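What follows is the content of start_5.pdb, which has PDB, C-alpha atoms and all ligand atoms:
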MODEL        1
ATOM      1  CA  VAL W   3     -11.312 -14.276  11.555  1.00  0.00           C
ATOM      2  CA  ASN W   4     -11.078 -10.563  10.710  1.00  0.00           C
ATOM      3  CA  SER W   5     -13.416  -7.771   9.594  1.00  0.00           C
ATOM      4  CA  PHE W   6     -12.425  -7.483   5.914  1.00  0.00           C
ATOM      5  CA  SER W   7     -15.519  -8.037   3.745  1.00  0.00           C
ATOM      6  CA  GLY W   8     -16.158  -8.681   0.067  1.00  0.00           C
ATOM      7  CA  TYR W   9     -12.621  -9.648  -0.998  1.00  0.00           C
ATOM      8  CA  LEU W  10     -11.746 -12.186  -3.656  1.00  0.00           C
ATOM      9  CA  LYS W  11      -9.140 -14.702  -2.461  1.00  0.00           C
ATOM     10  CA  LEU W  12      -6.145 -14.977  -4.801  1.00  0.00           C
ATOM     11  CA  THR W  13      -3.833 -17.228  -2.743  1.00  0.00           C
ATOM     12  CA  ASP W  14      -3.479 -18.608   0.768  1.00  0.00           C
ATOM     13  CA  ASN W  15      -2.585 -15.121   2.053  1.00  0.00           C
ATOM     14  CA  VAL W  16      -3.467 -12.510  -0.631  1.00  0.00           C
ATOM     15  CA  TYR W  17      -6.957 -11.025  -1.086  1.00  0.00           C
ATOM     16  CA  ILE W  18      -8.186  -8.298  -3.487  1.00  0.00           C
ATOM     17  CA  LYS W  19     -11.167  -5.913  -3.760  1.00  0.00           C
ATOM     18  CA  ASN W  20     -12.303  -3.004  -5.939  1.00  0.00           C
ATOM     19  CA  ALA W  21     -12.344  -0.335  -3.242  1.00  0.00           C
ATOM     20  CA  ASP W  22     -11.178   3.139  -2.308  1.00  0.00           C
ATOM     21  CA  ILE W  23      -8.483   2.437   0.298  1.00  0.00           C
ATOM     22  CA  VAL W  24      -9.517   5.619   2.155  1.00  0.00           C
ATOM     23  CA  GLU W  25     -13.117   4.456   2.569  1.00  0.00           C
ATOM     24  CA  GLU W  26     -11.999   0.903   3.309  1.00  0.00           C
ATOM     25  CA  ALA W  27      -9.675   2.117   6.082  1.00  0.00           C
ATOM     26  CA  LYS W  28     -12.353   4.309   7.687  1.00  0.00           C
ATOM     27  CA  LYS W  29     -14.746   1.330   7.945  1.00  0.00           C
ATOM     28  CA  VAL W  30     -12.406  -1.489   9.042  1.00  0.00           C
ATOM     29  CA  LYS W  31      -9.952   0.574  11.124  1.00  0.00           C
ATOM     30  CA  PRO W  32      -7.229  -2.017  10.452  1.00  0.00           C
ATOM     31  CA  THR W  33      -4.152  -2.443  12.588  1.00  0.00           C
ATOM     32  CA  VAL W  34      -2.005  -1.412   9.603  1.00  0.00           C
ATOM     33  CA  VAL W  35      -2.829   0.596   6.486  1.00  0.00           C
ATOM     34  CA  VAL W  36      -0.033   0.839   3.898  1.00  0.00           C
ATOM     35  CA  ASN W  37       0.750   4.170   2.232  1.00  0.00           C
ATOM     36  CA  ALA W  38       2.310   4.462  -1.233  1.00  0.00           C
ATOM     37  CA  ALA W  39       4.980   6.839   0.074  1.00  0.00           C
ATOM     38  CA  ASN W  40       7.969   8.593  -1.432  1.00  0.00           C
ATOM     39  CA  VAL W  41      11.342   8.978   0.308  1.00  0.00           C
ATOM     40  CA  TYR W  42      10.472  12.514   1.498  1.00  0.00           C
ATOM     41  CA  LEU W  43       7.051  11.488   2.858  1.00  0.00           C
ATOM     42  CA  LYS W  44       5.542  14.291   0.746  1.00  0.00           C
ATOM     43  CA  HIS W  45       1.948  13.078   0.452  1.00  0.00           C
ATOM     44  CA  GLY W  46       0.848  15.173  -2.507  1.00  0.00           C
ATOM     45  CA  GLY W  47      -1.125  12.883  -4.797  1.00  0.00           C
ATOM     46  CA  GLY W  48      -2.023   9.324  -5.622  1.00  0.00           C
ATOM     47  CA  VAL W  49      -2.832   7.064  -2.690  1.00  0.00           C
ATOM     48  CA  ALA W  50      -0.643   9.167  -0.372  1.00  0.00           C
ATOM     49  CA  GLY W  51      -2.368  12.445  -1.205  1.00  0.00           C
ATOM     50  CA  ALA W  52      -5.760  10.820  -0.638  1.00  0.00           C
ATOM     51  CA  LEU W  53      -4.837   9.202   2.689  1.00  0.00           C
ATOM     52  CA  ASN W  54      -3.281  12.417   3.958  1.00  0.00           C
ATOM     53  CA  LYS W  55      -6.354  14.463   2.960  1.00  0.00           C
ATOM     54  CA  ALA W  56      -8.531  12.055   4.961  1.00  0.00           C
ATOM     55  CA  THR W  57      -6.393  12.811   8.073  1.00  0.00           C
ATOM     56  CA  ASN W  58      -6.947  16.573   7.643  1.00  0.00           C
ATOM     57  CA  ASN W  59      -3.171  16.910   6.923  1.00  0.00           C
ATOM     58  CA  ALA W  60      -2.177  15.378  10.285  1.00  0.00           C
ATOM     59  CA  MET W  61      -0.294  12.629   8.425  1.00  0.00           C
ATOM     60  CA  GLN W  62       1.798  15.292   6.645  1.00  0.00           C
ATOM     61  CA  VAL W  63       2.545  17.184   9.882  1.00  0.00           C
ATOM     62  CA  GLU W  64       3.735  13.971  11.574  1.00  0.00           C
ATOM     63  CA  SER W  65       5.718  13.012   8.472  1.00  0.00           C
ATOM     64  CA  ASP W  66       7.548  16.350   8.283  1.00  0.00           C
ATOM     65  CA  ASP W  67       8.703  15.909  11.884  1.00  0.00           C
ATOM     66  CA  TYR W  68       9.853  12.353  11.072  1.00  0.00           C
ATOM     67  CA  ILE W  69      11.946  13.550   8.115  1.00  0.00           C
ATOM     68  CA  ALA W  70      13.409  16.487  10.059  1.00  0.00           C
ATOM     69  CA  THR W  71      14.660  14.004  12.676  1.00  0.00           C
ATOM     70  CA  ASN W  72      15.645  10.991  10.541  1.00  0.00           C
ATOM     71  CA  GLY W  73      16.184  12.148   6.958  1.00  0.00           C
ATOM     72  CA  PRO W  74      14.665  10.508   3.885  1.00  0.00           C
ATOM     73  CA  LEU W  75      13.707   6.875   3.556  1.00  0.00           C
ATOM     74  CA  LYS W  76      15.389   4.527   1.075  1.00  0.00           C
ATOM     75  CA  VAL W  77      13.631   3.415  -2.092  1.00  0.00           C
ATOM     76  CA  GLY W  78      12.436  -0.046  -1.084  1.00  0.00           C
ATOM     77  CA  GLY W  79      12.273   0.993   2.581  1.00  0.00           C
ATOM     78  CA  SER W  80       9.551   1.891   5.055  1.00  0.00           C
ATOM     79  CA  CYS W  81       8.688   3.431   8.387  1.00  0.00           C
ATOM     80  CA  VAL W  82       5.818   2.930  10.842  1.00  0.00           C
ATOM     81  CA  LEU W  83       3.902   6.062  11.858  1.00  0.00           C
ATOM     82  CA  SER W  84       0.459   6.778  13.263  1.00  0.00           C
ATOM     83  CA  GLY W  85      -2.642   5.660  11.406  1.00  0.00           C
ATOM     84  CA  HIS W  86      -4.505   8.753  12.672  1.00  0.00           C
ATOM     85  CA  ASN W  87      -8.280   8.334  12.136  1.00  0.00           C
ATOM     86  CA  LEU W  88      -7.794   5.583   9.527  1.00  0.00           C
ATOM     87  CA  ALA W  89      -5.954   2.743  11.303  1.00  0.00           C
ATOM     88  CA  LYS W  90      -3.824   2.066  14.348  1.00  0.00           C
ATOM     89  CA  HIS W  91      -0.603   2.404  12.329  1.00  0.00           C
ATOM     90  CA  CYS W  92       0.384   3.529   8.847  1.00  0.00           C
ATOM     91  CA  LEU W  93       3.245   1.639   7.207  1.00  0.00           C
ATOM     92  CA  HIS W  94       4.756   4.121   4.724  1.00  0.00           C
ATOM     93  CA  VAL W  95       6.416   1.990   2.018  1.00  0.00           C
ATOM     94  CA  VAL W  96       8.487   3.411  -0.867  1.00  0.00           C
ATOM     95  CA  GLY W  97       8.110   1.464  -4.083  1.00  0.00           C
ATOM     96  CA  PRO W  98      10.254   2.535  -7.047  1.00  0.00           C
ATOM     97  CA  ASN W  99       8.761   5.368  -9.112  1.00  0.00           C
ATOM     98  CA  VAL W 100       9.228   4.410 -12.765  1.00  0.00           C
ATOM     99  CA  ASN W 101       8.527   8.018 -13.747  1.00  0.00           C
ATOM    100  CA  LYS W 102      11.833   8.774 -11.854  1.00  0.00           C
ATOM    101  CA  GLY W 103      13.972   5.983 -13.356  1.00  0.00           C
ATOM    102  CA  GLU W 104      14.144   3.856 -10.204  1.00  0.00           C
ATOM    103  CA  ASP W 105      15.070   0.163 -10.385  1.00  0.00           C
ATOM    104  CA  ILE W 106      11.987  -2.060 -10.619  1.00  0.00           C
ATOM    105  CA  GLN W 107      13.870  -4.863  -8.839  1.00  0.00           C
ATOM    106  CA  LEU W 108      13.450  -2.656  -5.763  1.00  0.00           C
ATOM    107  CA  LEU W 109       9.751  -3.564  -5.856  1.00  0.00           C
ATOM    108  CA  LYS W 110      10.430  -6.925  -4.188  1.00  0.00           C
ATOM    109  CA  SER W 111      12.388  -5.188  -1.400  1.00  0.00           C
ATOM    110  CA  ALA W 112       9.467  -2.788  -0.917  1.00  0.00           C
ATOM    111  CA  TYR W 113       6.974  -5.647  -0.515  1.00  0.00           C
ATOM    112  CA  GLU W 114       9.285  -7.410   1.989  1.00  0.00           C
ATOM    113  CA  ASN W 115       8.359  -4.678   4.492  1.00  0.00           C
ATOM    114  CA  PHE W 116       4.837  -6.152   4.611  1.00  0.00           C
ATOM    115  CA  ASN W 117       6.204  -9.356   6.198  1.00  0.00           C
ATOM    116  CA  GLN W 118       6.842  -7.493   9.468  1.00  0.00           C
ATOM    117  CA  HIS W 119       3.049  -7.218  10.004  1.00  0.00           C
ATOM    118  CA  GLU W 120       0.609 -10.088  10.429  1.00  0.00           C
ATOM    119  CA  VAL W 121      -2.306  -8.367   8.614  1.00  0.00           C
ATOM    120  CA  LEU W 122      -2.369  -5.280   6.373  1.00  0.00           C
ATOM    121  CA  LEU W 123      -4.662  -3.237   4.139  1.00  0.00           C
ATOM    122  CA  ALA W 124      -2.618  -2.069   1.157  1.00  0.00           C
ATOM    123  CA  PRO W 125      -2.503  -0.674  -2.382  1.00  0.00           C
ATOM    124  CA  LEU W 126      -0.451  -2.200  -5.170  1.00  0.00           C
ATOM    125  CA  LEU W 127       3.029  -0.749  -4.716  1.00  0.00           C
ATOM    126  CA  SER W 128       4.471   1.279  -7.610  1.00  0.00           C
ATOM    127  CA  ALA W 129       1.090   1.269  -9.401  1.00  0.00           C
ATOM    128  CA  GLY W 130      -0.871   4.361 -10.404  1.00  0.00           C
ATOM    129  CA  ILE W 131       1.249   7.509 -10.696  1.00  0.00           C
ATOM    130  CA  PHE W 132       4.385   5.536  -9.735  1.00  0.00           C
ATOM    131  CA  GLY W 133       4.279   4.202 -13.292  1.00  0.00           C
ATOM    132  CA  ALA W 134       4.818   0.439 -12.923  1.00  0.00           C
ATOM    133  CA  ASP W 135       2.593  -2.249 -14.458  1.00  0.00           C
ATOM    134  CA  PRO W 136      -0.035  -3.147 -11.809  1.00  0.00           C
ATOM    135  CA  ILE W 137      -0.206  -6.745 -13.082  1.00  0.00           C
ATOM    136  CA  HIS W 138       3.509  -7.073 -12.312  1.00  0.00           C
ATOM    137  CA  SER W 139       3.036  -5.414  -8.921  1.00  0.00           C
ATOM    138  CA  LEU W 140       0.402  -8.029  -8.050  1.00  0.00           C
ATOM    139  CA  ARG W 141       2.719 -10.872  -9.106  1.00  0.00           C
ATOM    140  CA  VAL W 142       5.594  -9.564  -6.963  1.00  0.00           C
ATOM    141  CA  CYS W 143       3.169  -9.093  -4.053  1.00  0.00           C
ATOM    142  CA  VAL W 144       1.909 -12.686  -4.219  1.00  0.00           C
ATOM    143  CA  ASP W 145       5.447 -14.061  -4.595  1.00  0.00           C
ATOM    144  CA  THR W 146       6.944 -11.947  -1.758  1.00  0.00           C
ATOM    145  CA  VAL W 147       4.377 -11.270   0.969  1.00  0.00           C
ATOM    146  CA  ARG W 148       3.722 -14.181   3.323  1.00  0.00           C
ATOM    147  CA  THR W 149       1.541 -12.338   5.856  1.00  0.00           C
ATOM    148  CA  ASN W 150      -2.165 -11.634   5.265  1.00  0.00           C
ATOM    149  CA  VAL W 151      -2.628  -8.769   2.810  1.00  0.00           C
ATOM    150  CA  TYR W 152      -5.901  -7.169   1.697  1.00  0.00           C
ATOM    151  CA  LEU W 153      -5.347  -5.255  -1.558  1.00  0.00           C
ATOM    152  CA  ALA W 154      -7.601  -2.330  -2.474  1.00  0.00           C
ATOM    153  CA  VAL W 155      -7.657  -1.434  -6.180  1.00  0.00           C
ATOM    154  CA  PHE W 156      -9.386   1.892  -6.845  1.00  0.00           C
ATOM    155  CA  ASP W 157     -10.022   1.513 -10.577  1.00  0.00           C
ATOM    156  CA  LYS W 158     -12.812  -0.966 -11.307  1.00  0.00           C
ATOM    157  CA  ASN W 159     -11.530  -1.508 -14.837  1.00  0.00           C
ATOM    158  CA  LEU W 160      -8.069  -2.282 -13.468  1.00  0.00           C
ATOM    159  CA  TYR W 161      -9.506  -4.515 -10.738  1.00  0.00           C
ATOM    160  CA  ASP W 162     -11.313  -6.634 -13.343  1.00  0.00           C
ATOM    161  CA  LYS W 163      -8.158  -6.870 -15.456  1.00  0.00           C
ATOM    162  CA  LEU W 164      -6.066  -7.908 -12.437  1.00  0.00           C
ATOM    163  CA  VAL W 165      -8.478 -10.706 -11.518  1.00  0.00           C
ATOM    164  CA  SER W 166      -9.056 -11.936 -15.066  1.00  0.00           C
ATOM    165  CA  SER W 167      -5.312 -12.114 -15.768  1.00  0.00           C
ATOM    166  CA  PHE W 168      -4.197 -13.564 -12.419  1.00  0.00           C
ATOM    167  CA  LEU W 169      -2.274 -16.822 -12.689  1.00  0.00           C
TER     168      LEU W 169
HETATM  169  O1  LIG Q 201      -2.504   5.393  -5.469  1.00  0.00           O
HETATM  170  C1  LIG Q 201      -1.505   4.661  -5.629  1.00  0.00           C
HETATM  171  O2  LIG Q 201      -0.346   4.924  -5.231  1.00  0.00           O
HETATM  172  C2  LIG Q 201      -1.698   3.325  -6.362  1.00  0.00           C
HETATM  173  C3  LIG Q 201      -3.153   2.871  -6.676  1.00  0.00           C
HETATM  174  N1  LIG Q 201      -4.116   3.431  -5.737  1.00  0.00           N
HETATM  175  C4  LIG Q 201      -5.274   2.840  -5.408  1.00  0.00           C
HETATM  176  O3  LIG Q 201      -5.629   1.749  -5.864  1.00  0.00           O
HETATM  177  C5  LIG Q 201      -6.150   3.592  -4.450  1.00  0.00           C
HETATM  178  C6  LIG Q 201      -6.815   2.932  -3.387  1.00  0.00           C
HETATM  179  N2  LIG Q 201      -7.628   3.564  -2.511  1.00  0.00           N
HETATM  180  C7  LIG Q 201      -7.843   4.890  -2.635  1.00  0.00           C
HETATM  181  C8  LIG Q 201      -7.232   5.621  -3.660  1.00  0.00           C
HETATM  182  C9  LIG Q 201      -6.394   4.984  -4.567  1.00  0.00           C
HETATM  183  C10 LIG Q 201      -5.867   5.979  -5.577  1.00  0.00           C
HETATM  184  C11 LIG Q 201      -6.319   7.353  -5.042  1.00  0.00           C
HETATM  185  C12 LIG Q 201      -7.364   7.091  -3.936  1.00  0.00           C
HETATM  186  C13 LIG Q 201      -3.647   3.176  -8.096  1.00  0.00           C
HETATM  187  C14 LIG Q 201      -4.720   4.080  -8.290  1.00  0.00           C
HETATM  188  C15 LIG Q 201      -5.202   4.369  -9.582  1.00  0.00           C
HETATM  189  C16 LIG Q 201      -4.611   3.755 -10.700  1.00  0.00           C
HETATM  190  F1  LIG Q 201      -5.062   4.023 -11.950  1.00  0.00           F
HETATM  191  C17 LIG Q 201      -3.546   2.854 -10.517  1.00  0.00           C
HETATM  192  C18 LIG Q 201      -3.067   2.560  -9.227  1.00  0.00           C
HETATM  193  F2  LIG Q 201      -2.038   1.688  -9.094  1.00  0.00           F
ENDMDL
END
Serialized structure, structure tokens:
Amino acid sequence: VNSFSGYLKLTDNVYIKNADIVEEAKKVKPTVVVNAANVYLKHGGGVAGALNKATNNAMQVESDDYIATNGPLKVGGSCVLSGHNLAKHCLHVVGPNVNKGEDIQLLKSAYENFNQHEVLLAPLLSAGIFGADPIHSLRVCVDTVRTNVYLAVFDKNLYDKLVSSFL
């Protein structure tokens, strides 16, 4: 039993809700919140810009130190950093950005990072300003993640479309 409330169950291990991931994180304080990161951990917009704003820019300060030490992530890769006031940990995961020409096959590799964590709160990788089809992102998620994932979809219209079209 966990504290996630109001989710629709899609499969044995995947759940979905129309919610602002920022507000959902502040209430649940999950062990792991997933960020829709880029390789530079520049949290300017989308989910990343919103999460970073909620930390009063502390996520960005920590991220800049991480990059100065380690260099950029790989597309499809991840790193674990602090969750600040939102969660114990933040798993920064880089899905391919279609508006940059990155290979969509890398989306499965990106979701594989979730399997290193028993329970996560997450957005749909490569959705939104990353330019991929969110319906496809949900399919790859369900077919790749085996741990317990709670998906927050900001747009109510998109949430309804994702549920109504889910196979
Ligand atoms: O933001 C992403 O990277 C991906 C995804 N974000 C969220 O669902 C989300 C969840 N919680 C809080 C917030 C967001 C967005 C900003 C604040 C997304 C958003 C809108 C859209 F039209 C498509 C889409 F895929």
As JSON, numbers by chain, please: every protein or nucleic acid residue near ligand LIG 201 (chain Q) (cut-off 7 Å, counting only C-alpha atoms and all ligand atoms). {"W": [21, 22, 23, 24, 38, 48, 49, 50, 52, 125, 126, 127, 128, 129, 130, 131, 132, 136, 154, 155, 156, 157]}
Go ahead and save the picked residues with C-alpha atoms, as a PDB file, in the coordinates of the input.
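Wrote it out as selection.pdb, contents follow:
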ATOM      1  CA  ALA W  21     -12.344  -0.335  -3.242  1.00  0.00           C
ATOM      2  CA  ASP W  22     -11.178   3.139  -2.308  1.00  0.00           C
ATOM      3  CA  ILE W  23      -8.483   2.437   0.298  1.00  0.00           C
ATOM      4  CA  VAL W  24      -9.517   5.619   2.155  1.00  0.00           C
ATOM      5  CA  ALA W  38       2.310   4.462  -1.233  1.00  0.00           C
ATOM      6  CA  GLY W  48      -2.023   9.324  -5.622  1.00  0.00           C
ATOM      7  CA  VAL W  49      -2.832   7.064  -2.690  1.00  0.00           C
ATOM      8  CA  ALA W  50      -0.643   9.167  -0.372  1.00  0.00           C
ATOM      9  CA  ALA W  52      -5.760  10.820  -0.638  1.00  0.00           C
ATOM     10  CA  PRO W 125      -2.503  -0.674  -2.382  1.00  0.00           C
ATOM     11  CA  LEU W 126      -0.451  -2.200  -5.170  1.00  0.00           C
ATOM     12  CA  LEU W 127       3.029  -0.749  -4.716  1.00  0.00           C
ATOM     13  CA  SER W 128       4.471   1.279  -7.610  1.00  0.00           C
ATOM     14  CA  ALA W 129       1.090   1.269  -9.401  1.00  0.00           C
ATOM     15  CA  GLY W 130      -0.871   4.361 -10.404  1.00  0.00           C
ATOM     16  CA  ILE W 131       1.249   7.509 -10.696  1.00  0.00           C
ATOM     17  CA  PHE W 132       4.385   5.536  -9.735  1.00  0.00           C
ATOM     18  CA  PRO W 136      -0.035  -3.147 -11.809  1.00  0.00           C
ATOM     19  CA  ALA W 154      -7.601  -2.330  -2.474  1.00  0.00           C
ATOM     20  CA  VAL W 155      -7.657  -1.434  -6.180  1.00  0.00           C
ATOM     21  CA  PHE W 156      -9.386   1.892  -6.845  1.00  0.00           C
ATOM     22  CA  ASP W 157     -10.022   1.513 -10.577  1.00  0.00           C
TER      23      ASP W 157
END
Pick out the closest residue to residue 61 in chain W from this set: W:162, W:41, W:74, W:91. Count all atoms listed in the file. W:91
Counting only C-alpha atoms, the residue of W:137, W:16, W:68, W:31 that sits nearest residue 166 in chain W: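 For residue 166 in chain W, the nearest of the given residues is W:137.
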Residues within 7 Å of residue 18 in chain W, all atoms listed in the file, excluding chain neighbours under 4 positions, as a CSV table (one decimal) with C-alpha atoms, in the frame of the given file:
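Saved as result-v3.csv:
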chain,number,residue,atom,x,y,z
W,9,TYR,CA,-12.6,-9.6,-1.0
W,10,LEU,CA,-11.7,-12.2,-3.7
W,11,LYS,CA,-9.1,-14.7,-2.5
W,152,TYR,CA,-5.9,-7.2,1.7
W,153,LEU,CA,-5.3,-5.3,-1.6
W,154,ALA,CA,-7.6,-2.3,-2.5
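Here CA of residue 108 in chain W and CA of residue 73 in chain W stand 19.7 Å from one another.
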Gap from CA of residue 115 in chain W to CA of residue 35 in chain W - Å, one decimal: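 Taking CA of residue 115 in chain W and CA of residue 35 in chain W, their separation equals 12.5 Å.
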Please rebuild range 120-144 of chain W with N, CA, C and O atoms and give the result as a compact mmCIF listing (two decimals), in the coordinates of the input.
# COMPACT_ATOMS: atom_id res chain seq x y z
N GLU W 120 1.40 -8.87 10.64
CA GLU W 120 0.61 -10.09 10.43
C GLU W 120 -0.54 -9.88 9.44
O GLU W 120 -0.90 -10.80 8.69
N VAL W 121 -1.16 -8.70 9.47
CA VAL W 121 -2.31 -8.37 8.61
C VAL W 121 -2.19 -6.91 8.18
O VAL W 121 -1.90 -6.03 8.99
N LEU W 122 -2.45 -6.64 6.90
CA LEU W 122 -2.37 -5.28 6.37
C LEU W 122 -3.45 -5.03 5.33
O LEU W 122 -3.80 -5.92 4.56
N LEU W 123 -3.91 -3.78 5.28
CA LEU W 123 -4.66 -3.24 4.14
C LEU W 123 -3.69 -2.43 3.29
O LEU W 123 -2.97 -1.59 3.82
N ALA W 124 -3.68 -2.65 1.97
CA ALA W 124 -2.62 -2.07 1.16
C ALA W 124 -3.06 -1.79 -0.27
O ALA W 124 -3.94 -2.48 -0.81
N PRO W 125 -2.41 -0.83 -0.93
CA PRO W 125 -2.50 -0.67 -2.38
C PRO W 125 -1.41 -1.49 -3.07
O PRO W 125 -0.46 -1.96 -2.43
N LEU W 126 -1.53 -1.61 -4.39
CA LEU W 126 -0.45 -2.20 -5.17
C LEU W 126 0.72 -1.23 -5.27
O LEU W 126 0.60 -0.13 -5.84
N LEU W 127 1.86 -1.62 -4.72
CA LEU W 127 3.03 -0.75 -4.72
C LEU W 127 3.51 -0.46 -6.13
O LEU W 127 3.51 -1.34 -7.00
N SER W 128 3.94 0.77 -6.35
CA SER W 128 4.47 1.28 -7.61
C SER W 128 3.42 1.38 -8.72
O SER W 128 3.77 1.74 -9.85
N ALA W 129 2.15 1.12 -8.41
CA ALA W 129 1.09 1.27 -9.40
C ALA W 129 0.64 2.73 -9.48
O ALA W 129 1.22 3.62 -8.84
N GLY W 130 -0.38 3.00 -10.29
CA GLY W 130 -0.87 4.36 -10.40
C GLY W 130 0.21 5.30 -10.90
O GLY W 130 0.94 5.00 -11.85
N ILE W 131 0.32 6.47 -10.26
CA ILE W 131 1.25 7.51 -10.70
C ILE W 131 2.72 7.15 -10.48
O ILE W 131 3.59 7.90 -10.93
N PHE W 132 3.01 6.02 -9.81
CA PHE W 132 4.38 5.54 -9.74
C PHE W 132 4.83 4.82 -11.01
O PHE W 132 6.01 4.52 -11.15
N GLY W 133 3.91 4.53 -11.93
CA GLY W 133 4.28 4.20 -13.29
C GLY W 133 4.58 2.75 -13.61
O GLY W 133 4.87 2.46 -14.78
N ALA W 134 4.56 1.84 -12.63
CA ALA W 134 4.82 0.44 -12.92
C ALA W 134 3.54 -0.25 -13.41
O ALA W 134 2.43 0.24 -13.23
N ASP W 135 3.72 -1.42 -14.02
CA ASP W 135 2.59 -2.25 -14.46
C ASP W 135 1.91 -2.87 -13.24
O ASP W 135 2.54 -3.65 -12.52
N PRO W 136 0.63 -2.56 -12.98
CA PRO W 136 -0.04 -3.15 -11.81
C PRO W 136 -0.12 -4.67 -11.84
O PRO W 136 -0.16 -5.29 -10.77
N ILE W 137 -0.19 -5.28 -13.02
CA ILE W 137 -0.21 -6.74 -13.08
C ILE W 137 1.10 -7.30 -12.51
O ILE W 137 1.10 -8.29 -11.76
N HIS W 138 2.22 -6.68 -12.87
CA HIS W 138 3.51 -7.07 -12.31
C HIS W 138 3.55 -6.83 -10.81
O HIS W 138 4.04 -7.68 -10.05
N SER W 139 3.05 -5.69 -10.35
CA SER W 139 3.04 -5.41 -8.92
C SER W 139 2.28 -6.49 -8.16
O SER W 139 2.71 -6.91 -7.07
N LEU W 140 1.15 -6.96 -8.71
CA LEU W 140 0.40 -8.03 -8.05
C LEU W 140 1.21 -9.33 -8.01
O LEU W 140 1.21 -10.03 -6.99
N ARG W 141 1.92 -9.65 -9.09
CA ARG W 141 2.72 -10.87 -9.11
C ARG W 141 3.82 -10.82 -8.04
O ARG W 141 4.02 -11.78 -7.29
N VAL W 142 4.56 -9.70 -7.99
CA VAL W 142 5.59 -9.56 -6.96
C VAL W 142 4.99 -9.65 -5.57
O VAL W 142 5.55 -10.29 -4.67
N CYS W 143 3.83 -9.01 -5.36
CA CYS W 143 3.17 -9.09 -4.05
C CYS W 143 2.92 -10.54 -3.66
O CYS W 143 3.31 -10.98 -2.57
N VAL W 144 2.28 -11.31 -4.54
CA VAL W 144 1.91 -12.69 -4.22
C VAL W 144 3.14 -13.53 -3.96
O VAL W 144 3.13 -14.44 -3.12
